[PDB]
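The listed protein sequences derive, respectively, from chains A and B. Position in the first sequence (first residue = 1) + 316 = the numbering used here. To convert, note that position 31 of the second sequence is 13 in the numbering used here; the numbers rise steadily by one, no gaps. Backbone N, C-alpha and C define an ideal beta-carbon position, used for all residues, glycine too.
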Amino acid sequence: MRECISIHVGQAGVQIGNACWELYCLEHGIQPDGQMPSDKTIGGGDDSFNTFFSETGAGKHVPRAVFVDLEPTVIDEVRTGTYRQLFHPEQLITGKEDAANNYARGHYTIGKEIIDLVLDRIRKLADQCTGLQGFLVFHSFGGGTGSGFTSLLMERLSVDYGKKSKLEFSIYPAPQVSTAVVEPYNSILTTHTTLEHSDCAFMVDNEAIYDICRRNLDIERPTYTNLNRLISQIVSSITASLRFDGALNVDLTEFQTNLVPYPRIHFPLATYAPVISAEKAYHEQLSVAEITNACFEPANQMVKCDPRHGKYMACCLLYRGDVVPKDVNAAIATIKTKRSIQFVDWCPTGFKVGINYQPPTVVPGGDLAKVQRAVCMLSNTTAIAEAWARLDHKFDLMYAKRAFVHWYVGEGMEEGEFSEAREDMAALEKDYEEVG
Amino acid sequence: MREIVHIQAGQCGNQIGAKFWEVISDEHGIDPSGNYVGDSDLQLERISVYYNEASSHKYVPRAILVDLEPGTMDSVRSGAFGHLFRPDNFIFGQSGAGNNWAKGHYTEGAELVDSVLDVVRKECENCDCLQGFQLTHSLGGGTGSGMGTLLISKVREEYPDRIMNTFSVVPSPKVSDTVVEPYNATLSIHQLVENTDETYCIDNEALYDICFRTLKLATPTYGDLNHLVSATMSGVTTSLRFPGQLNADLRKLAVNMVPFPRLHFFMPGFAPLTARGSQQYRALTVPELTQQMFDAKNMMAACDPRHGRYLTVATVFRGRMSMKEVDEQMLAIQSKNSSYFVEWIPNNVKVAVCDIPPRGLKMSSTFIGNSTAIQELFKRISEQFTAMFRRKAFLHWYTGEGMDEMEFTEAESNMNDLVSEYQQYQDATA
Ligand SMILES: COc1ccc(C[C@@H]2NC(=O)/C=C\C[C@@H]([C@H](C)[C@H]3O[C@@H]3c3ccccc3)OC(=O)[C@H](CC(C)C)OC(=O)C(C)(C)CNC2=O)cc1Cl
Ligand SMILES: Nc1nc2c(ncn2[C@@H]2O[C@H](COP(=O)(O)OP(=O)(O)OP(=O)(O)O)[C@@H](O)[C@H]2O)c(=O)[nH]1
Ligand SMILES: Nc1nc2c(ncn2[C@@H]2O[C@H](COP(=O)(O)OP(=O)(O)O)[C@@H](O)[C@H]2O)c(=O)[nH]1
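Here it is in structure tokens:
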């Protein structure tokens, strides 16, 4: 009874979406030929899985998402991958030439000649909706397509739909899988023009995902199928709230309300704990108290920043299977050991919990195996300023001697944009640092 | 007297006032089916104050219940005495009333003020003369604070003459899930000071404090505290409901009580503190009532009056009682506490006596004071508001919903000026 639309931009976005949509199939029992025996095959739905699949009279359960790429190299792969028959006759978006690591080329030159088609597609999809909450866009700060076009898309959407919210999932690109060197300019130039049209954005750092996969997954060569699968698992876990059924954090509005205090501070940090290694059959057993104890370890968060230096806003949680709220209360009492915990004086505290009575789903033939309990703490820390400071150092270095600047100026951008965005990010990091 | 129209707002209002209707309806001995059970005329001397005849000359309560969260109708029609009301004023919203002002204050609710004025005028047509109004609400959430202030202003426009009284519940950190309360409370009392005639500060902080530190209940629920407030506000209404020697009325209560032109916040109290009992009770007698009437842990505001002064006083005693004895102890209490009371109005501590016992207790009373201690409560609320406000917080919700920063600033200016007024009248001399 509340529709939802997602959208994928860029190679990273489309790959993550590929890795996520089949997880989404698995979770509800949806299968490329599945039928979910409790339905009428004609709109049989309006449950929490209706928000994505707008199932047709053919009992197909077609989704609500489109994929964007300036030059077909991954969107084709999903067009001829595994769930081929799962998408409409050329509903997807294919271009002819990428922005090539150039924020400007996607922000002023190329996208400004393809965007109208994207908006037409988004509107045409939304018309079939009835109660849309907002958009969930997938992009990255690395390239110029998944960044310049994303910011331009933000502007266009906020122009056409300002009332509705639109949650974001982003990647803070790492030197380890750095496919460019002009990422930091794109990152600043995207965060600066994101705030005024953003509401709540999640960053998942490929530094962090790479570290997790290399360390606790026994993989030394993280292709774009390993890190991609891990991130898909995290995204499914976070959106399970609205996805499976009703509990804490039903709606995107509710995301904002219980997460974001201050519209300049809307980058929640997500932690996880169950990192099942591999097909390893037997290591030991597991306890809910154990995983909630682990969800405080700095090594197990989706973005590298040590929060024992700062204060939290609102530390929500989710769980899968084996309800035991008394154990949860004991867990809060234990973590109250105040060795690495804090809250903020002005507003009281709430560790809202919502339980899903389904054990977590796993990739069948992947680098994981099925477990029974799961949990994901979305702690809106003040420590998330570490990432911005780290990226500011590099942006300042590169802008010291005006490196690469021509590749942006000579395409429809001015010189003052760089300076003003740097100042704006300085104000933003000041706005984080002052809270306390 | 003339008739009274009762107005009920939100979940808190609906629950508290439904329990209050139950309490008095038992007190006036009326059956759920509208059947008549009372055994004397002294019960129905002032039944016309609230209840109106049916086609079968069957007396029916006159009240209105307002909210926007459509799940409250079934809560109304599922109480013990819930179906008592007329099936014409169960008018509610249909899409929730999330605790945001200017949603029920500006955005919507302002579209149904026509509906609520229509219903209130419709049932005051059957009212031969109008006395005043009874708005029950709380200071947190739209349905509740915002609708209450909007209704107050609207009926003040339409009926500038008659009296306007209301019950205020101030949410507290001690029992409160949401946290957007202090903004609601201050935004409310700003309208409330300048737009109503008298108001009762039915607090939650003091309520929880005493219930947990003496009554020692594990989980203060919407059941227990509803019972407490319904009982106390029934005790307040008794004086009008009963025929008394201090034969006070709403206009008379205002004239006697109201000291300044902006200080009309009362502190309803109760001497024989009562939990959910079964038998008759453990016995209580006169001097116990005398002492527990004006104790430090029996009111509904977390303040010690000995740190302040009373502008006025009032009481309404219950049960078969020695009037001369009562006057003797009251004379002593006004004699042995010379500094406790203001020197501006001698012969302020008024007293009345009632006859029908409370339906469950033998000898009780009802304290309705007007102190200078209420500055502690107001200062508390304003300080927590400004702590939430020095840095913005969710304030984007309000600004995008219709207000500006100036309204917040002026609400704080008004509250701190009010606290200054109470401080000033608290430090007079001779
Ligand atoms: C610093 O970050 C923090 C984050 C959260 C917390 C505690 C966190 N916070 C709040 O939201 C409290 C007030 C903000 C208001 C805001 C200011 C009103 O405009 C709201 C509104 C309502 C409807 C539509 C549009 C707008 O929202 C709400 O009351 C909503 C109700 C609705 C969404 C069902 O949610 C809740 O009532 C909750 C989430 C069940 C109550 N509980 C909480 O544990 C503390 C901190 Cl410190
Ligand atoms: N899918 C995926 N992408 C990643 C990962 N790590 C980094 N990337 C990013 O993938 C991006 C490639 O897509 P884009 O950023 O859109 O590249 P572009 O040059 O703008 O355009 P295309 O190459 O046509 O997509 C780079 O910016 C990388 O930073 C990862 O683990 N998975
Ligand atoms: N329901 C109820 N709420 C109370 C009571 N006493 C205090 N409250 C507080 O009043 C607030 C409820 O506001 P409400 O009227 O529900 O706002 P609404 O959501 O706009 O209807 C909460 O902060 C409660 O803690 C009571 O006896 N009953």
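CA nearest to the CA of residue i, picked from the options
| i | options | result |
| --- | --- | --- |
| B/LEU293 | B/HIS39, B/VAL175, B/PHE247 and B/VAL98 | B/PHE247 |
| A/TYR540 | A/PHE711, A/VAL390, A/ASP362 and A/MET741 | A/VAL390 |
| B/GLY217 | B/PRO250, B/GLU139, B/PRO14 and B/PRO142 | B/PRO250 |
| B/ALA84 | B/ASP13, B/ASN177, B/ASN166 and B/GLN274 | B/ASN166 |
| A/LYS620 | A/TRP337, A/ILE487 and A/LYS480 | A/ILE487 |
| B/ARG(-16) | B/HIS10, B/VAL152 and B/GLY114 | B/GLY114 |
| A/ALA496 | A/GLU512, A/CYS529 and A/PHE457 | A/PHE457 |
| residue 753 of chain A | A/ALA737, A/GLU749, A/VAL330 and A/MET741 | Because chain A is modelled from 317 through 752, residue 753 of chain A falls outside the range shown and cannot be assessed. |
| residue 764 of chain A | A/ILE554, A/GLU512, A/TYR501 and A/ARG537 | For residue 764 of chain A there is no data in the structure shown, the boundaries of chain A being 317 and 752. |
| B/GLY259 | B/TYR322, B/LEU197, B/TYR18 and B/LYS40 | B/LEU197 |
| B/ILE6 | B/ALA(-9), B/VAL42, B/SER353 and B/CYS285 | B/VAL42 |
| A/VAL604 | A/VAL639, A/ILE592 and A/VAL591 | A/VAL639 |
| A/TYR424 | A/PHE465, A/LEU558, A/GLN492 and A/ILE358 | A/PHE465 |
| B/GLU93 | B/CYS109, B/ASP110, B/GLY75 and B/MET281 | B/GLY75 |
| B/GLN116 | B/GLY124, B/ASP179 and B/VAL175 | B/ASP179 |
| B/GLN173 | B/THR411, B/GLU389 and B/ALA410 | B/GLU389 |
| B/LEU255 | B/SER304, B/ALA278 and B/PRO241 | B/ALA278 |
| B/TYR182 | B/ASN352, B/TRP379, B/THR391 and B/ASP399 | B/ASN352 |
| A/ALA374 | A/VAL434, A/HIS404 and A/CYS632 | A/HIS404 |
Reduced DSSP secondary structure (H/G/I, E/B, other) of residue i
| i | result |
| --- | --- |
| A/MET618 | coil |
| B/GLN357 | helix |
| A/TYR526 | helix |
| A/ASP476 | helix |
| B/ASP409 | coil |
| B/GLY382 | helix |
| A/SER557 | helix |
| B/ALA213 | helix |
| A/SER322 | strand |
| A/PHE720 | coil |
| A/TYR540 | coil |
| A/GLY411 | coil |
| A/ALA701 | helix |
| A/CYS516 | strand |
Bridge-paired residues (DSSP) for residue i
| i | result |
| --- | --- |
| A/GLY450 | A/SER481 |
| B/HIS(-12) | B/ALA45 and B/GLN116 |
| A/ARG636 | A/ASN672 and A/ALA690 |
| A/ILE430 | Answer is none; A/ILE430 lacks a bridge partner. |
| B/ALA230 | Paired residues: none, contrary to the question. |
| B/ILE350 | B/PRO250 |
Residue i: CB within 7 Å of a non-hydrogen atom of ligand 2
| i | result |
| --- | --- |
| A/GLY462 | yes |
| A/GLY728 | no |
| A/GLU387 | yes |
| A/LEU543 | yes |
| B/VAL151 | no |
Heavy atom of ligand 1 within 7 Å of residue i beta-carbon
| i | result |
| --- | --- |
| B/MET129 | no |
| A/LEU575 | yes |
| B/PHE390 | no |
Check: residue i C-beta below 7 Å from any heavy atom of ligand 3
| i | result |
| --- | --- |
| A/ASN532 | no |
| B/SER158 | yes |
| A/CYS320 | no |
| A/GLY666 | no |
| B/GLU51 | yes |
| B/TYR88 | no |
**Asked** Are at least three pairs of beta-carbons, each pair with one atom in the region 220 to 227 of chain B and one in the region 327 to 341 of chain B, less than 8 Å apart?
**Response** Yes: at least three Cβ pairs fall under 8 Å.
**Item:** the region 603 to 620 of chain A touching the region 632 to 649 of chain A, judged by at least three CB pairs closer than 8 Å
**Value:** They touch, by the three-pair rule.
**contact_flag[the region 716 to 728 of chain A, the region 625 to 635 of chain A] where n(CB pairs < 8 Å) is 3 or more** = Judged by Cβ distances under 8 Å, the region 716 to 728 of chain A makes no contact with the region 625 to 635 of chain A, as fewer than three pairs qualify.
**Message:** Any contact between the region 342 to 359 of chain B and the region 256 to 269 of chain B? By contact I mean 3 or more CB pairs, one from each, below 8 Å.
**Reply:** The region 342 to 359 of chain B, when compared against the region 256 to 269 of chain B, does touch it at the 8 Å Cβ threshold.
**Request:** Answer yes if the region 586 to 600 of chain A comes into contact with the region 557 to 576 of chain A, meaning at least three C-beta pairs across the two stretches below 8 Å, and no otherwise.
**Result:** The region 557 to 576 of chain A is not in contact with the region 586 to 600 of chain A.
**Prompt:** Are three or more beta carbon pairs between the region 16 to 28 of chain B and the region 146 to 161 of chain B nearer than 8 Å?
**Reply:** Contact between the region 16 to 28 of chain B and the region 146 to 161 of chain B is absent, because fewer than three Cβ pairs lie under 8 Å.
**Request:** Take every Cβ of the region 467 to 483 of chain A, pair it with every Cβ of the region 671 to 681 of chain A, and state whether three or more of those distances are shorter than 8 Å.
**Result:** Short answer: they don't touch.
**Asked** Are at least three pairs of beta-carbons, each pair with one atom in the region 117 to 134 of chain B and one in the region 76 to 95 of chain B, less than 8 Å apart?
**Response** Flag = yes, the region 117 to 134 of chain B and the region 76 to 95 of chain B touch.
**Asked** Between the region 63 to 79 of chain B and the region 364 to 374 of chain B, are three or more C-beta pairs nearer than 8 Å?
**Response** Result no; under three Cβ-Cβ pairs closer than 8 Å.
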